[PDB]
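Given as structure tokens, the chain that follows is alone and in the form deposited in one PDB entry.
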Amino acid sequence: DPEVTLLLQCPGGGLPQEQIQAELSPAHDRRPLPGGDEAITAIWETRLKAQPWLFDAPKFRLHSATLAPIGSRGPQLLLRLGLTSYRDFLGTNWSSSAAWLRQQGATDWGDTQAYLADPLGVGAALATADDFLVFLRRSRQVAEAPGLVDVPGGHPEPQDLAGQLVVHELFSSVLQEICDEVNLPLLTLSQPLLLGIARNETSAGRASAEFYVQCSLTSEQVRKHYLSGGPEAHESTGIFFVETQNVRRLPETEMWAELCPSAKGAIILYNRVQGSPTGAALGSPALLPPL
């Protein structure tokens, strides 16, 4: 799977909000481009002069994420975050010359990402009361990953002493994206756990935080809520469910070739952090079949 790399695998079956610190600092921003940010400005002008209804929006930038020594007390994760924008993304990660910007970042800064926007995405492994995960089909008419399978998520827009509010907006935004797209009531959803962070090598290495969320509704009820919004209530074109039993071997299925990279990230982390039991009971052959 060359189009996805794991930046972080969380311990203890995943991390709650209260165990994560953020450092939001202009030291974590993209570096100005070697020939000037006029190259980003030019791509944006060309785009607005064809699609003048487009808008810029701020985004969180992932710099890095440091896990504490395992088994320790206190905060378990430090997220180093900067700020970027939709416009900076279109002029860097989405650019035809994105591989050249990575090589120049290696040369100039010892960092393949130094000249990349790298907006932080969020995604969920969303489980039902009857032990299915939730999948969405993308429109064949959109620019990114057309007609591919996805999981719920988005790219949160901004607004440890502003740090804790930033972690709160990240956990909040994954629930909000589930309510907006799947049309589920907020009170049917668990507090999320962070499973890890995955990078999309097809989009020049931009990262998504992958979460586990439990719903108290069955798969038949989740479908009813999704469909009852109508075609205008969602960006996706369909919803479907795979038993948690069968997610274990999903990378061996024909479905795998149709999954967008960030959804592959979510399923790998679900299998490693929520699947893959460590104890004698769940590890017994009748409950963990070999092969």
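Residue indices: 1-based, along the sequence shown.
There is also a form deposited with a small molecule bound; it is not shown, and the following applies to it.
Peer 1: Exactly one residue in 122, 126, 195, 116 has a non-hydrogen atom within 4.5 Å of the small molecule in the bound PDB entry; which is it?
Peer 2: Filtering the options by heavy-atom distance leaves 122.
Peer 1: Between 105, 205, 153, 91, only one gets a heavy atom within 4.5 angstroms of the small molecule in the bound PDB entry; which residue is that?
Peer 2: Filtering the options by heavy-atom distance leaves 153.
Peer 1: Within 4.5 angstroms, counting heavy atoms, which one of the listed stretches 187-195, 160-168, 107-115, 207-215 is next to the small molecule in the bound PDB entry?
Peer 2: Of the options given, it is 207-215.
Peer 1: Hey, in the bound PDB entry, is residue 199 touching the small molecule, heavy atoms inside 4.5 Å?
Peer 2: Answer no; every heavy atom of residue 199 is more than 4.5 Å from the small molecule in the bound PDB entry.
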